[PDB]
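Enquirer: I'd like to ask some things about the structure below.
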Amino acid sequence: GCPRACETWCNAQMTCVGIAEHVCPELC
C-alpha cells in the first residue's frame, strides 16, 4: 500500500506523524 513508513506512521486521512509524510502524501 502506501509507502514504507506511511503504513506504520500515517493514517488514510493523510495524517502522517513521522517522516512518512515526506513521501506518503504523494504516493498514498
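Residue numbering restarts at 1 in every chain; chains get A, B, ... in the order shown in the C-alpha cells, and ligands count up from 1 in that same order.
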Which residues, written as a VMD selection string, have at least one atom at most 9 Å from residue 5 (chain A), with only C-alpha atoms counted and residues fewer than 2 positions away on the same chain left out?

Expert: chain A and resid 2 to 3 7 to 10 16 18 to 21 23 to 24

Enquirer: Please write the residues from the selection above to a file, keeping C-alpha atoms, as a PDB file, in the first residue's frame.

Expert:
ATOM      1  CA  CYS A   2       1.160   3.499   0.880  1.00  0.00           C
ATOM      2  CA  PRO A   3       4.980   3.953   1.380  1.00  0.00           C
ATOM      3  CA  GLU A   7       1.538   2.280   6.877  1.00  0.00           C
ATOM      4  CA  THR A   8       3.075   2.383  10.356  1.00  0.00           C
ATOM      5  CA  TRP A   9       3.110   6.183  10.925  1.00  0.00           C
ATOM      6  CA  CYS A  10       0.285   7.628   8.831  1.00  0.00           C
ATOM      7  CA  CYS A  16       1.268  11.230   8.740  1.00  0.00           C
ATOM      8  CA  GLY A  18       6.508  10.545  11.136  1.00  0.00           C
ATOM      9  CA  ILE A  19       8.938  11.106   8.275  1.00  0.00           C
ATOM     10  CA  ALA A  20       6.479   9.098   6.182  1.00  0.00           C
ATOM     11  CA  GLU A  21       4.932  12.485   5.436  1.00  0.00           C
ATOM     12  CA  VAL A  23       6.875  10.620   0.632  1.00  0.00           C
ATOM     13  CA  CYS A  24       3.424   9.297   1.533  1.00  0.00           C
TER      14      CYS A  24
END

Enquirer: I need the strand (DSSP E) residues of chain A per DSSP on the backbone, written as a ChimeraX atom specification.

Expert: /A:10-11,15-16

Enquirer: With N, CA and C atoms retained, export the selected residues as an mmCIF file, in the first residue's frame.

Expert:
data_model
loop_
_atom_site.group_PDB
_atom_site.id
_atom_site.type_symbol
_atom_site.label_atom_id
_atom_site.label_comp_id
_atom_site.auth_asym_id
_atom_site.auth_seq_id
_atom_site.Cartn_x
_atom_site.Cartn_y
_atom_site.Cartn_z
ATOM 1 N N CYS A 10 1.180 6.722 9.534
ATOM 2 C CA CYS A 10 0.285 7.628 8.831
ATOM 3 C C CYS A 10 -1.090 7.004 8.642
ATOM 4 N N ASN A 11 -2.123 7.817 8.792
ATOM 5 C CA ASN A 11 -3.498 7.361 8.623
ATOM 6 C C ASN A 11 -4.040 7.799 7.269
ATOM 7 N N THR A 15 -2.878 11.714 7.424
ATOM 8 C CA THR A 15 -2.395 12.137 8.717
ATOM 9 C C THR A 15 -1.124 11.380 9.066
ATOM 10 N N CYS A 16 -0.024 11.817 8.482
ATOM 11 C CA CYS A 16 1.268 11.230 8.740
ATOM 12 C C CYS A 16 1.928 11.938 9.918
#

Enquirer: Can you tell me, as a ChimeraX atom specification, which residues in chain A count as helix (DSSP H, G or I) by DSSP?

Expert: /A:6-9,19-22,24-27
